[PDB]
Structure formats: C-alpha cells, structure tokens
Amino acid sequence: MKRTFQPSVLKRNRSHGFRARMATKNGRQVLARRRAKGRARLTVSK
Amino acid sequence: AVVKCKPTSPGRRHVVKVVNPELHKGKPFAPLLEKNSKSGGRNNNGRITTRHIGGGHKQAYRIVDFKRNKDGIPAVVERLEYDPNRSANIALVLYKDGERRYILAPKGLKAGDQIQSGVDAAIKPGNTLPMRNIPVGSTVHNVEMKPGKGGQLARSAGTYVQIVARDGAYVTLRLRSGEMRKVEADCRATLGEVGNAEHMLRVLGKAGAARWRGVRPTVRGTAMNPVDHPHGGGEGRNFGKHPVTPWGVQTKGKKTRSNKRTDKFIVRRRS
Amino acid sequence: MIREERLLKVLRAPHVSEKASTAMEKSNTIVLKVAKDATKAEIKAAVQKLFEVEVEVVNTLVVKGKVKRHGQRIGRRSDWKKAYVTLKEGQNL
RNA sequence: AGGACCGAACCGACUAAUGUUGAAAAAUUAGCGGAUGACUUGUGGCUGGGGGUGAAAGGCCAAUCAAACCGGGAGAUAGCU
RNA sequence: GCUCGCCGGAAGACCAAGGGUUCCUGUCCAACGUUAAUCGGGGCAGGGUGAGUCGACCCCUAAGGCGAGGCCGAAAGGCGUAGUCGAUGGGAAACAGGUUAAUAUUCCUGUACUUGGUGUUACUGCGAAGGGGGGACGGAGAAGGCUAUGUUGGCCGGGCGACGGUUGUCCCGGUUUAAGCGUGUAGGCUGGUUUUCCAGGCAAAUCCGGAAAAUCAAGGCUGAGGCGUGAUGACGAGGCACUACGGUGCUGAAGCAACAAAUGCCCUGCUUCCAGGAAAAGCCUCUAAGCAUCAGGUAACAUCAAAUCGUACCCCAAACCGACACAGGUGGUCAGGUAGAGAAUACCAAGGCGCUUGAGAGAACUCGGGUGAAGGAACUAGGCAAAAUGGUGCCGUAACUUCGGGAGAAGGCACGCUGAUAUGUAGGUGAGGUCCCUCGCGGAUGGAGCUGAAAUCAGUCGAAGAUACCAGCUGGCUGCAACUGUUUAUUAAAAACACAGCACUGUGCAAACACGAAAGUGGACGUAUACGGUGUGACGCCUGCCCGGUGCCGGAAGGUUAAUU
Ligand SMILES: [K+]
Ligand SMILES: [K+]
Ligand SMILES: [Mg+2]
Ligand SMILES: [Mg+2]
Ligand SMILES: [Mg+2]
Ligand SMILES: [Mg+2]
Ligand SMILES: [Mg+2]
Ligand SMILES: [Mg+2]
Ligand SMILES: [Mg+2]
Ligand SMILES: [Mg+2]
Ligand SMILES: [Mg+2]
Ligand SMILES: [Mg+2]
Ligand SMILES: [Mg+2]
Ligand SMILES: [Mg+2]
Ligand SMILES: [Mg+2]
Ligand SMILES: [Mg+2]
Ligand SMILES: [Mg+2]
Ligand SMILES: [Mg+2]
Ligand SMILES: [Mg+2]
Ligand SMILES: [Mg+2]
Ligand SMILES: [Mg+2]
Ligand SMILES: [Mg+2]
Ligand SMILES: [Mg+2]
Ligand SMILES: [Mg+2]
Ligand SMILES: [Mg+2]
Ligand SMILES: [Mg+2]
Ligand SMILES: [Mg+2]
Ligand SMILES: [Mg+2]
Ligand SMILES: [Mg+2]
Ligand SMILES: [Mg+2]
Ligand SMILES: [Mg+2]
Ligand SMILES: [Mg+2]
Ligand SMILES: [Mg+2]
Ligand SMILES: [Mg+2]
Ligand SMILES: [Mg+2]
Ligand SMILES: [Mg+2]
Ligand SMILES: [Mg+2]
Ligand SMILES: [Mg+2]
Ligand SMILES: [Mg+2]
Ligand SMILES: [Mg+2]
Ligand SMILES: [Mg+2]
Ligand SMILES: [Mg+2]
Ligand SMILES: [Mg+2]
Ligand SMILES: [Mg+2]
Ligand SMILES: [Mg+2]
Ligand SMILES: [Mg+2]
Ligand SMILES: [Mg+2]
Ligand SMILES: [Mg+2]
Ligand SMILES: [Mg+2]
Ligand SMILES: [Mg+2]
Ligand SMILES: [Mg+2]
Ligand SMILES: [Mg+2]
Ligand SMILES: [Mg+2]
Ligand SMILES: [Mg+2]
Ligand SMILES: [Mg+2]
Ligand SMILES: [Mg+2]
Ligand SMILES: [Mg+2]
C-alpha cells in the first residue's frame, strides 16, 4: 500500500531546507530555537 | 445550421450542435495569438473565489480589436474564424495598408465584404462610427461606454443594442437586458447584430460536454451538511429555510446592486 | 601560466594497486592521488614540470570516502581525487 | 462517429472464503466494474485549521479530523474515581 | 557436476526516483541471518567509479516563487512593476569492436562528429535591449512505404547415432557487422523569379505584410528506408594449446537469398472533427544608434580550448516506501519461438530462479482442491457458495422502442486428420528477360521463384475434434434511478452525489459575487445568447387552489422613531 513518506530530495530541500528556513522570519526563529537547543543538524540540508 | 445527432449511444441522444461551414478550418492567425493559462477560479491568494471553474480544453487568446480605431482606411474580410474565448465568431480583416486584425463578426458579414471605421463611414454592418453619426433607431453592437475605451456592450452571440433617443451629448440605448442606459454620444458602436445567433440553440447532451468547457459540477446546498451550507441538514429530504447563497444572503428576489456613482446613467432598470 | 606555488601542492602520492600497475604496464598511464580541487590542466602542468615527462591526457575521478566503525563509533574517511595520467608513448616514468 | 460494444495492460473495489497475537495497523485467493474518457499516470507548483479542499460521505487535509500537528498559557479546571 | 522443477509482457534485461559502498577480492563466524552455516546485502581489511559528444552544470522559458523602486498595511508584513529565478518542456556534437576480480558510448583499437577562441590568406557593410521569420505544438481515423525482427531455403562446419530405422524431402550449429560520409528514393508541402509602389510591423529596414506588374512553368523545402562506402577490417561455428581446472592464449569456414512483419520509423505527415489545441531562446533575417578603406561579417586552411561535478551497486526490490531479509506499494524503456485475434493463455528461448528450518507419520479437526449412486433448491433470511454457460462461421431471433435499439435475445448446425479439386487453389509477393526513357534509387511489360487463406467432395480415427489453458448461464413479472460517471482511504457503491435539460432570481461592467483591515485578485482580457446563486433533474404528457403566516419586492402620504440641535 502506498505509505505517507514518498521521498524527493528536491521537494525536501525546497520545503524544509536552510534557504527555505532563512526566507521568512518564522523560519529564522526555527533556526534560532535549534541553535539554542544545540542541535547538531539545523536543517534537512544535512 | 442546427443539427440533431443520432442516438447511437445514450450520450449522443440529446446533442444538438451548431455547424457553420463558413468558419475557417485551418489554424488561426499567429501574430494575433497570446497565451492564457487557466485559473481554476483561483485568485492570487490561491483561494477559490468563483466556484465551479476548472479543467476544460486548452485555449489560445485571440487579440480582438474592440476599439476599431483605424479610421478612414478600408478593410476587407479575409475569413470568419472560430474563437474559443467567446460565443461570437470573429473575422480576420485585411486593411488596405497591410495590417491584419480580428473583429467580432456581425450578422451577415462574409469573406470579401468591405468595412470601414471612423466618422466618414457608410451606414452598413461592420462599420464603426461615433454614435452621434449613427441614426436614431439603429441596431448596433460592440458599444463603447467611455469614448475610446473600446466596445463593452452587446458583444455576445446574437446580441445588439437599439439607439432609442439622442439628447445632446448623450444617447439613450435599449440594452439586451431590457435596461435603458445613457451613454455619451461620442462613444463608438458597430452597426448590425453580432453574428452566430444559433449559439443559444446548442444542447450539450451530456455531462462531459460541460467539462470540456471548464465547468465543474454544481452541488446543491440542500445536499450538504449544516457546516457546509445554510441549506444543509435534515433527515431525508428537508428544506424549511428561506433560500440563500452559501454566504447567507437571500437568493430569490433580493436585489444586490449598490453603485451610486453610475446611477445617473440608468434611465430604467431592466425589470 | 600556473604558478609554481600551486604546482608543488597538487600532486599528493602515487596510487599503488593492481589496476594501477596494469595501466602502467599496458597503457603507459600513471595513477596519482591529487588534491581534491586540482583541475585536469593543473595535474598535467605539474606532472610535466616535476616528473619531467610529456603528458598526453589527464582523466580524473573523485573517490568517495568510506563509512567506518571504530570502537562502536561511526566515522567517515575523506573523499579524494584520483588521476589517470596518460604519457606519450616513450616516456616511462 | 461514439462519456459506443467485448476484452488484457492500467485504474477501480461488487460477492465469498481465508486471514483477525495477520505474510499485511485493510491484504491474499477465486470471481467482479471501467477500460478514447466527466480516463489513467510521472514530475513540479498553489490553496492552511473555524481555515483549505469536497460529482457532498461531515469526506479528506502525512496510519490523527463535528475543527490537524507541535510548542506555549499549563500544575486549565475536575462538588468525580 | 549431473539430473529434476519454477518464471519467461518476468521471477529476464536496462534506466529515472530513492538509497549510499549494499560492488569486487581476501579473511572471519561472536552478534546479525526466524535452523546449521564452511555461506551472506553480517564483522574486518584492501581494492574499485576514467567522458569535448551520456547526464548535471549551462542557454531558454511554463505553472509558480522571489521581487529594486512602487502601492498598501498598528508593527510583523501583503500585493506587485522592471527584473530575476523555476523543468516535468525547447537548445551543439560518437559509434562499432576489444578489455577488468570489480568501470566503460568514459579505457584501448578502428572510424567519426560539434562548438568556441586565436593567427591567417582571400573576397567584404558590419552592427540591438528593437522588427520579421522560425522554433511552434489538439483529438480521432485511414492507408501506403518501410525497418526492427522472424521463418524457410541456399551456404559453410560438424554429425552417421546406447533400442527397430536413419547417405537423406536426414541431424545439429553458424550464417553478424555501427555511427559517419556519398547518393536525395517511397512520399509530404509549396507556383518560382525580377522590378515598381505603399496610411502596417512604437523609429529605420534592402526583411515581413499589402497593391500592381512583366515573365517562367518546375524552382525550392522536407524525407523513412534502400544502395555504395565505412569493412582486404572487426565479429565469427568450431578446432587447438596450455590450465593457478577460474578461464586465458592462438587459429578460424560461410557470412547469401526469398518470404512474413510491427504498437517502431516515414508521420510535427495526410484525412477529418470540435472541445479549437504552451512559452522563450538557440537558429534565419532586417535595419537603428554607432562604425565607417578600421573594427566586425563570411568561406577556407591551420592552431589551441571544450572546464567542473555525477558515473560502483540495487532499482517491481532482501539495498527504495512499508519498525522486519515483510505475499503490499513503486514512473519509463526493451519485447524471441510454437499455438493464438492478442502485450490473453499454455509450453519454451536468451536469461534468471527452487522463495534461509528440516526429517518422518499418513488420526480427529481446519484450510485449498478432485470425484460421486439416487434425488435435484427439499438447503437457506436469500441458490450464499458451487455447479453450469463459454470460440468462430452460418441459419434463426419476441414484447416493446426514444427507431439507435432490445440482440450474442432465445434456439440451432458445422468444426479433427488425410487425399483430391489444385503434385499449393483464390490471393499476396516479385527475379531473370524484355522494351521505352524528361537517362534514374526510373518507367512499362513479363512472369520464374517464394508465400498462401477458405470452400466443396471423398476417406478415416476416437466415447468425445471450439478436445488442454482460455472462454456469456438464459428467460419472465415488478420497485427505484434516464443514461456513462461520483462517494463514506480502513464495516455502507446505493434508490445517495453529479449529470444534460428546466425554472426562478441576481447582475449594465470599476458587474453581481468571492478572497482580502487594505492595495489588489479571481469572475474575465468575459459583457445579458454573459456571469453568479437557488431548486429540480434525460425524454414524454403535465405541473391545479391559497399572499392569512414567514420571507422577498414595490410604495411614501400619515403615525412611531437615532445621533445631532
Ligand atoms: K437532508
Ligand atoms: K482548529
Ligand atoms: Mg456556478
Ligand atoms: Mg445545474
Ligand atoms: Mg448527506
Ligand atoms: Mg449554518
Ligand atoms: Mg421527512
Ligand atoms: Mg414542514
Ligand atoms: Mg580521453
Ligand atoms: Mg568525470
Ligand atoms: Mg466505453
Ligand atoms: Mg475510491
Ligand atoms: Mg482480485
Ligand atoms: Mg458496460
Ligand atoms: Mg470492457
Ligand atoms: Mg450524516
Ligand atoms: Mg488520515
Ligand atoms: Mg473547537
Ligand atoms: Mg493560567
Ligand atoms: Mg492537571
Ligand atoms: Mg514452466
Ligand atoms: Mg558496510
Ligand atoms: Mg557481494
Ligand atoms: Mg557456531
Ligand atoms: Mg544462527
Ligand atoms: Mg559484507
Ligand atoms: Mg513568473
Ligand atoms: Mg521594497
Ligand atoms: Mg511578490
Ligand atoms: Mg533564467
Ligand atoms: Mg528537463
Ligand atoms: Mg558492473
Ligand atoms: Mg528486414
Ligand atoms: Mg497502442
Ligand atoms: Mg553502472
Ligand atoms: Mg526470506
Ligand atoms: Mg517484498
Ligand atoms: Mg503499476
Ligand atoms: Mg502471461
Ligand atoms: Mg490429509
Ligand atoms: Mg475439506
Ligand atoms: Mg465434482
Ligand atoms: Mg450426486
Ligand atoms: Mg447421477
Ligand atoms: Mg433436473
Ligand atoms: Mg425452501
Ligand atoms: Mg427449511
Ligand atoms: Mg454466486
Ligand atoms: Mg466454478
Ligand atoms: Mg413493492
Ligand atoms: Mg444511476
Ligand atoms: Mg455505472
Ligand atoms: Mg468504507
Ligand atoms: Mg464496500
Ligand atoms: Mg477586475
Ligand atoms: Mg426525479
Ligand atoms: Mg433531487
């Protein structure tokens, strides 16, 4: 049966990637929260 | 010509089609074509703002001269063409100077006829004149509302406007709605009715024929739930409400015009 | 003209393998480990100037470094660039 | 010619049996409907929560929907266990 | 290693996505592997991915995104112009053979091709952000020419058979070769050329559009395939020679013809239909400002450049999505034989597999199947399930009907093989020869050879000839919904939704309406034969009475009545 996660690297980067995060102020707050927690990976870009 | 199809399948039994052998069978005139992709009734917020729009056949836009500005230059009709963008047919005309142009095809205009625009044009169909030069009582179409704006009234297949009175700088028109409207007498108009009057005699015959034209299905409000529509709800078939729109405004008789800016030009409402 | 500062840094090590020896004994080709940003024109200019042979053509590839485990700890070796340098038929470097 | 006929691919899901700590958090087997069209499918895009989208079942919106999910107000309040 | 079995429009092969070393070699068997494991997609170590031509990058744009200024908005920000991004589309160029344990259109051999820079020699009006052309476009159908590919013969090599026969109308195998270059064919489209004049193409134009001419009647464009060449090559049945028994090394015959033939090509054609079928660049051309014996344009030779990144492996799957080495899901390409209408189906080929627990036994009972006396729906809520029907040709076919249907109604008959008609027919294909030629990839005539249905008659075997697989049960009365569609992803597929048609009503365009503090945007580059809303639901015959209630519409005198004063 067709499951919910159908991977596409292009769609993954445009929706969740670093440049998509930096494009809005709300996405820059995601990065600010993830740097304050100390996440080893800020985004899906790696 | 109006031709009834033969019932060789249940979707063909009721199809009435309008076949015009005069329309050009080839490709349209490519310098006068543009792109127009479809909206699906969506605005720039991406929301559906007009329901029931979607799909249908791909269409190229034809640049139609509604202004008719090339005055004093004769033009000859090369051919009549199908226009997917509108009910009327169109006519490719050749001005004597070498320029081609599309116009709405009036009733009775064929390939080889001469047309001319401007103040010095004869009174015959296809010619465009300022309405102070057109006689009172005349049947015209493609009527401007502001001088030089281009024709906005009576553009659909089979439509026309009667000039009923000319009082100084205004003329009084009888619109196809039944409405009496004042328009400035310098607004241009084209003599004659719009062609293709058999357009309203087509019968689509099947559901798919409306889908070819970009009309998506209409769901009745009474078939819904109360969260969806003010008509929704009830066990079995029930109505019990005064009929309203999906947005709660009464939809059988309630008048919705409110434009005090243009009320001074309305001699009589359409009734 | 590529600077001699640059040429002395692009070539890192000879690559020693059975494919590298066959390519030398049959096709007059040396296999080199080169710097990861070294272009084909730099490798040719550095082999001709430092090894003093005459170079026909340079072919390159990037070797992706392997994931390894060291004491239940995941690691990954570095990527590196390999170069197959063909010599002109009478050089024998 | 045809939302035309029969019938594979393809799309669907009418009946039965099995399975029900499954091979599978919706399937398998044997039949079944559509199969040039209001058809099916790839890639990419757009619409965002009292909001969307809905050939309308309160359907669907990431195994979640008569108001998604995550975090916060938050130790809500609980004459109840 | 020999046998057996299974898939073969896949259970083979190859890509895209997605994964990331799972690839190859050596070594190890703790854990992992539903058992053991000497094995592994497991551990450990080493190796492995070679590009001017393939893809990405790049040039160009679609939907859409972002958006200098701008307009709008308490702030955050919204929208959007110039622009700038964005492929799922457009844009230069490489093929065959060989080779590794593991890469190959990348390496090697052979033979090619493209674009740009320079330097030249030679004739020269070059030049854009602008003009024009072109790119450049739907569905369906029809047939012709082809090729891929196959079959048969010929050819060449080998065979002479474990058991009756097998020197022959005998057996087995092979019979392959590309891009490019040359030729411009079947075929499709188009009248050519040269002057004259012009309210058009934001200005100019020698270009395009338009008007007039004179004349010429074939000029140009496009184009599968064949043929020649590429190729005295490569490949090649086999034979031989070593084997570290994995395969290497050497050698090498024939390499033709006829017929059949695609869903592939010609074909972005042609014909036809209505629902009327992207953009932009490369490319061709035109002039402008400028440049103006220069720079630059064009053709030729030469000369340099063509970077960077991807390239292993899996890819209908044990490597992706499903927690699993999970009966599920997953876009594109390739498409052999016999039978067959077929990509159904059966058996096979190339190729790949036997699905990571086995061994016995032969109780009940459960699952999946086979057969069944006599009866034949007595079963049951209900014929649920099962059984049955099933092909092609012909004969024949009712009520009713919107004249299409109903209809494959129903029901019936023939069906294998062999011989003759005819040593292979009707047909299809077409060589030699011939003739003529606007001289060819020509035409016309001619028919050798090849291929080849179906019919009738005769005979013949079996219980049975559509023998398997495959493959409609039929009819009668009636409810409902006109119909094809759509729906509760995961207990409801229906009489529900939709529908064409019908009516009421709104709406005169800065439309009504909708999304939005707004700017704006959809409606619509539409204009009342249009658009929104509502109900009803093909079609036929029809659709009666009530305006008291509630709503809507109209009125505007009087009463009542807000802020304000
Ligand atoms: K109801
Ligand atoms: K909510
Ligand atoms: Mg509507
Ligand atoms: Mg309707
Ligand atoms: Mg309902
Ligand atoms: Mg309500
Ligand atoms: Mg009731
Ligand atoms: Mg009631
Ligand atoms: Mg090379
Ligand atoms: Mg490379
Ligand atoms: Mg059909
Ligand atoms: Mg469904
Ligand atoms: Mg099934
Ligand atoms: Mg049917
Ligand atoms: Mg069918
Ligand atoms: Mg309900
Ligand atoms: Mg869900
Ligand atoms: Mg709530
Ligand atoms: Mg609180
Ligand atoms: Mg609590
Ligand atoms: Mg088999
Ligand atoms: Mg590993
Ligand atoms: Mg392996
Ligand atoms: Mg052990
Ligand atoms: Mg074990
Ligand atoms: Mg391993
Ligand atoms: Mg854009
Ligand atoms: Mg700004
Ligand atoms: Mg914007
Ligand atoms: Mg761009
Ligand atoms: Mg692309
Ligand atoms: Mg390999
Ligand atoms: Mg052939
Ligand atoms: Mg097909
Ligand atoms: Mg590979
Ligand atoms: Mg297994
Ligand atoms: Mg599986
Ligand atoms: Mg599939
Ligand atoms: Mg099969
Ligand atoms: Mg048993
Ligand atoms: Mg049993
Ligand atoms: Mg039985
Ligand atoms: Mg019995
Ligand atoms: Mg019996
Ligand atoms: Mg009986
Ligand atoms: Mg009974
Ligand atoms: Mg009983
Ligand atoms: Mg049954
Ligand atoms: Mg059965
Ligand atoms: Mg009853
Ligand atoms: Mg129905
Ligand atoms: Mg149906
Ligand atoms: Mg359900
Ligand atoms: Mg169901
Ligand atoms: Mg508007
Ligand atoms: Mg009804
Ligand atoms: Mg109804």
Side-chain angles (χ1 to χ4, degrees), chain A residues 1-11 23 25, chain B residues 6-14 17 28 30 35-37 39 41-50 53 56-61 72-73 82 84-87 94-100 145 152-159 175-177 179 181 196-197 199-200 203-213 216-225 227-228 231 242-247 250-257 259 261-262 266 270, chain C residues 17-19 22-23 27 39-41 59-64 66-67 82 84:
Chain A
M1 296 164 71
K2 185 176 174 62
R3 300 297 186 191
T4 58
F5 177 63
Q6 302 297 323
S8 167
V9 175
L10 179 60
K11 286 171 72 168
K25 73 98 182 171
Chain B
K6 279 191 175 184
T8 57
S9 58
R12 289 282 284 182
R13 178 178 296 280
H14 304 292
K17 62 186 185 180
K35 184 182 81 69
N36 50 356
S37 68
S39 69
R42 269 77 167 167
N43 67 349
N44 57 354
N45 292 323
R47 299 285 184 89
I48 296 167
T49 61
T50 302
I53 298 171
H57 201 288
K58 186 174 187 176
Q59 293 167 348
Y61 183 72
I73 300 162
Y82 184 81
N85 294 301
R86 65 192 70 253
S87 66
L94 177 61
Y95 288 84
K96 189 177 256 70
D97 58 9
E99 180 177 1
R100 281 179 176 88
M145 295 183 76
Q152 282 180 330
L153 304 178
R155 277 165 40 168
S156 185
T159 60
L175 301 180
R176 190 74 184 162
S177 57
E179 172 159 350
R181 192 195 172 92
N196 203 180
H199 167 76
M200 66 181 181
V203 173
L204 295 185
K206 67 172 182 176
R211 302 297 305 273
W212 300 342
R213 294 165 155 82
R216 194 133 200 291
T218 295
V219 179
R220 294 168 292 111
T222 187
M224 300 178 180
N225 291 314
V227 67
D228 301 322
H231 291 178
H242 301 106
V244 291
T245 63
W247 302 276
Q250 205 278 342
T251 190
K252 295 278 184 178
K254 179 164 173 63
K255 291 185 168 65
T256 66
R257 173 182 172 90
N259 187 354
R261 174 175 61 84
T262 73
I266 313 300
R270 64 181 190 270
Chain C
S17 67
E18 291 191 356
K19 188 178 183 179
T22 297
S27 68
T39 66
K40 289 182 182 184
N59 291 337
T60 67
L61 60 89
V62 179
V63 180
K64 277 77 182 171
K66 293 182 181 179
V67 169
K82 189 192 294 186
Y84 287 92

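These values consider heavy atoms only, across backbone and side chains, with no hydrogens, waters or symmetry-generated copies. Reminder, nothing fancy here: chain letters follow the sequence lines and each chain counts from 1.
- Mapping A:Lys11 and B:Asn225 onto RNA chain D by nearest heavy atom places A:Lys11 at the nucleotide closer to the 5' end.
- Judged by distance alone, the side chains of B:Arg181 and B:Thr262 never bring a donor and an acceptor atom under 3.5 Å apart.
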Output one letter per nucleotide in nucleotides 308-319 of chain E: B when a protein non-hydrogen atom lies under 4.0 Å from the base, S when only the sugar-phosphate is that close, - when neither is. SSSS--------
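- Here the side chain of B:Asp97 pairs a donor or acceptor atom with the backbone of B:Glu99 at under 3.5 angstrom.
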Atom pairs, protein N/O to nucleotides 54-64 of chain E N/O, distance under 3.5 Å:
residue : atom : partner : partner atom : Å
E:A63   : OP1  : B:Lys35 : NZ           : 3.1

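- When each of D:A38, E:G508, E:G535 is scored by its nearest atom to the side-chain atoms of B:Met145, the top-ranked nucleotide is E:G508.
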What pairs of nitrogen or oxygen atoms, one from the protein and one from nucleotides 207-209 of chain E, lie under 3.5 Å apart?
residue : atom : partner  : partner atom : Å
E:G209  : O3'  : B:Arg100 : NH1          : 3.0
E:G209  : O2'  : B:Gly98  : O            : 2.4
E:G209  : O2'  : B:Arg100 : NH1          : 3.4
E:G209  : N2   : B:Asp97  : O            : 3.1

Taking only N/O atoms, report every protein-nucleotides 518-522 of chain E pair under 3.5 Å with atom names and distance.
residue : atom : partner : partner atom : Å
E:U521  : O4'  : B:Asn44 : ND2          : 3.3
E:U521  : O2'  : B:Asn44 : N            : 2.8
E:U521  : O2'  : B:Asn44 : OD1          : 3.4
E:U521  : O2   : B:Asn43 : ND2          : 3.3
E:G522  : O3'  : B:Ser39 : OG           : 3.2
E:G522  : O2'  : B:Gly41 : O            : 3.0
E:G522  : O2'  : B:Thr49 : OG1          : 3.0
E:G522  : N2   : B:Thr49 : O            : 3.4
E:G522  : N2   : B:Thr50 : OG1          : 3.3
E:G522  : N3   : B:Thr49 : OG1          : 3.0

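- Both B:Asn196 and B:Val219 lie near RNA chain E, and the one whose nearest nucleotide falls closer to the 5' end is B:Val219.
- Side-chain N/O atoms of B:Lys206 and base N/O atoms of D:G37 include no donor-acceptor pair closer than 3.5 Å.
- Annotation: of the two residues near RNA chain E, B:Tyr95 and B:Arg181, the 5′-most nearest-nucleotide partner is B:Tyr95.
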For nucleotides 547-550 of chain E, list the nitrogen or oxygen atoms of the protein found under 3.5 Å from its nitrogen or oxygen atoms, one pair per line.
residue : atom : partner  : partner atom : Å
E:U550  : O2   : B:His242 : NE2          : 3.4

Show which side-chain atoms of residues 203-213 of chain B pair as donor or acceptor with protein atoms under 3.5 Å away, not counting sequence neighbours.
residue  : atom : partner  : partner atom : Å
B:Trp212 : NE1  : B:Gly208 : O            : 3.4
B:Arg213 : NH1  : B:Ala209 : O            : 3.1

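- Here the nucleotide nearest the side chain of C:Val67, chosen from E:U21, E:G501, E:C552, is E:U21.
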